[PDB]
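Take a look at this single chain, the form deposited in one PDB entry, given in structure tokens.
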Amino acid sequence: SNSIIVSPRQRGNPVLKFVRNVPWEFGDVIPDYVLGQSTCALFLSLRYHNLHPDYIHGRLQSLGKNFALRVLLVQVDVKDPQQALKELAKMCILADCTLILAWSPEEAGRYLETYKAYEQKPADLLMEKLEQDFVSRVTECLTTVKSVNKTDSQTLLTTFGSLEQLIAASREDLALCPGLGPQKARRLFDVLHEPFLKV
């Protein structure tokens, strides 16, 4: 079932009209949305929160521990959400559910789509890339210095041919590199060849 199950109680909602990249249909479920197995969602609006103070608590208590990941996504439409957010976060901590903030119905629909679309997606997107290209590797090696950055590395590889040439360069020669400056060249030279041991 590659579709979102929507609770019948959300018939007159303005957010479920903003999901376009994934299909959805209605169904009798405890949470407002069922984004696959072990994942559910409950929609709240801070307006409905401060006109119905006890509505969300009952839903969160009746939702139960059936779903592993339970997301309480809210719409920040009021102008002063500081007080409501504190109580909502405390309630989420107590009830073991995740709080996600959307500032428009467009964002809530995108969150629903992403939760549905990422049912089996791995975590390789989150982890570091660490490109294996030689330019990328030498840039990463040169970046470890305090002040050397990507553009500095790029102009370093343009001036000196190989890393052997950069090593062979003297302190004054490194300082004379266009756009390097005295302090960055000095600290690179100090890093370039200093005894590994001691301190």
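Shifts are known only where both forms have a C-alpha. In this text, rigid core is short for the largest set of C-alphas that superpose within 1.5 Å between two forms. Residues carry their position along the shown sequence, with the first being 1.
In what follows, reference is made to the form deposited in another entry, a form of this protein that is not presented.
Review point. Rigid core fitted, is the C-alpha displacement of residue 189 between this form and the one not shown 2 Å or more?
Key: Comparing forms between this form and the one not shown, the residue 189 CA shifts at least 2 Å.
Exercise for review: Examine residue 159 after superposing the rigid core and state whether its CA is displaced by 2 Å or more between this form and the one not shown.
Suggested key: For residue 159, whose C-alpha is compared between this form and the one not shown after core superposition, the shift is 2 Å or more.
Review point. With the rigid core superposed, can you list, in sequence order, the 3+ residue stretches whose C-alpha atoms all shift 2 Å or more between this form and the one not shown?
Key: Run moving 2 Å or more: only 130-199.
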